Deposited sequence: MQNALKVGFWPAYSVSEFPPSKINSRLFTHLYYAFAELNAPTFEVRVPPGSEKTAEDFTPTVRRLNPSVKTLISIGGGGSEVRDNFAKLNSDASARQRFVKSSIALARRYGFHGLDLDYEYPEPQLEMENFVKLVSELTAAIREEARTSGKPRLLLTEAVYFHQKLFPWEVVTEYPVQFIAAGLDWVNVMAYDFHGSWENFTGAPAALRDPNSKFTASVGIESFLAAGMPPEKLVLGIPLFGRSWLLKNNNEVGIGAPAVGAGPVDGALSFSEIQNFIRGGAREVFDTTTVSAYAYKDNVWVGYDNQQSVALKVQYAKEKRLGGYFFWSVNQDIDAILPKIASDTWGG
């Protein structure tokens, strides 16, 4: 039963690792180490070496059984560009593989994660396959030479097995992934947001083609062992500005991004509700939304998280993950999730 949380280094001043309730997790990720083109000597951003080193001893103090991984990359164009450059260059791949393994050992992490959004089109998937195959082999070799248990290896994946479901250019090779990786973190969110002129459920479990269940179904149908899938749950919501204050449900017309630039942490959503916003549970999508005046936000709440976690158990999945733990400062949703699986 994998109970996974991502801690982003950007949040250190407001949410240091000491604030994570590690009792509610089995694995905690440090996000992110950088690719460091053109040498591809993978590293944490210079200046954050102390934070990276202290992360694992700190989180283990509250739950010694908890393990940690360091995630390399992240969302966004710069990371994607760097992976694409890296994966086409055999010498660069070698430097990346060696330095990433060294990095995990240097800071006392138990594993590595790759966050590459996304290995498409076909050429990019083919070259990513080369990188990951080489990384798997080197991880096994390092275990042999050091005598230590092999580093864990995971990666972030799109919600769906096909890239992309409306126009397939490539797809995740599930047998390859199951053999080389301990699990994948399924990013079952960002289905809807301010890029649309209507409100919607950003992480709908079901409904539409853009749902967590449809995505999970696609990986399983391709042949992914269910235990290799870890269901992502966001600790943030997507927000809109409403066109009309009297149209406040799902599918209401919108005029752009709400605060803050279209995303609001769960903790800020709790503040929003305490400040007069009305919370609504949407049973159709298994999600929540809240609104006040011209601001509308869709997110996961106590009820929808319990339902999603039970869904993951019903579907025989490896577990669940939260992005990102700094966004639920009181750990309300990680608590519900942990209690639900137990």
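Gaps in the model (deposited sequence, numbered from 1): Deposited residues absent from the model fall in 1-3, 211-212, 348.
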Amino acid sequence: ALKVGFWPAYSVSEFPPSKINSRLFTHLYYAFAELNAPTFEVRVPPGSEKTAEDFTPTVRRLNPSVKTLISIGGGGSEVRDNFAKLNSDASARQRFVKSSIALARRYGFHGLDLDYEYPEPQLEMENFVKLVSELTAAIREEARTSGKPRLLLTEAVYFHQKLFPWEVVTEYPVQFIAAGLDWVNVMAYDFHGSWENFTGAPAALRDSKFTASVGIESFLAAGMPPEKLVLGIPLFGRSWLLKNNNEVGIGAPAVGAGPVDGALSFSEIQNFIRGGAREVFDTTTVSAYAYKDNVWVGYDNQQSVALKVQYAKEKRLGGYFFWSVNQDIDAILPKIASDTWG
From here on, numbers count along this sequence of modelled residues.
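Going by the B-factors listed in the PDB entry, is the mean over the C-alpha atoms higher for 38-46 or for 59-67? Per the deposited B-factors, the answer is 38-46.
Per the entry, where is the mean C-alpha temperature factor higher: 129-137 or 217-225? Of 217-225 and 129-137, the stretch with the higher C-alpha B-factor average is 217-225.
Would you mind finding, among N87, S99, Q175, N197, the residue with the largest C-alpha temperature factor in the entry? Answer for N87, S99, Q175, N197: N197, with the highest C-alpha B-factor.
If you check the C-alpha B-factor for each of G111, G237, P121, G108 in the entry, which is highest? By C-alpha B-factor in the record, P121 ranks first.
Tell me, lowest, middle or highest third: where does the Cα B factor of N21 rank within its chain? Answer is middle: the recorded C-alpha B-factor places it there.
Classify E279 as lowest, middle or highest third according to the C-alpha B-factor given in the PDB entry, relative to its own chain. Its C-alpha B-factor belongs to the middle third of this chain's values.
C-alpha B factor of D182, ranked within the chain: lowest, middle or highest third? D182: CA B-factor falls in the middle third of its chain.
Where does the C-alpha B-factor of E314 rank in its chain, lowest, middle or highest third? It belongs to the highest third of the chain when residues are ordered by C-alpha B-factor.
Of the three thirds of its chain by CA temperature factor, lowest, middle or highest, which one includes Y189? Ranked within chain, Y189 CA B lands in the middle tercile.
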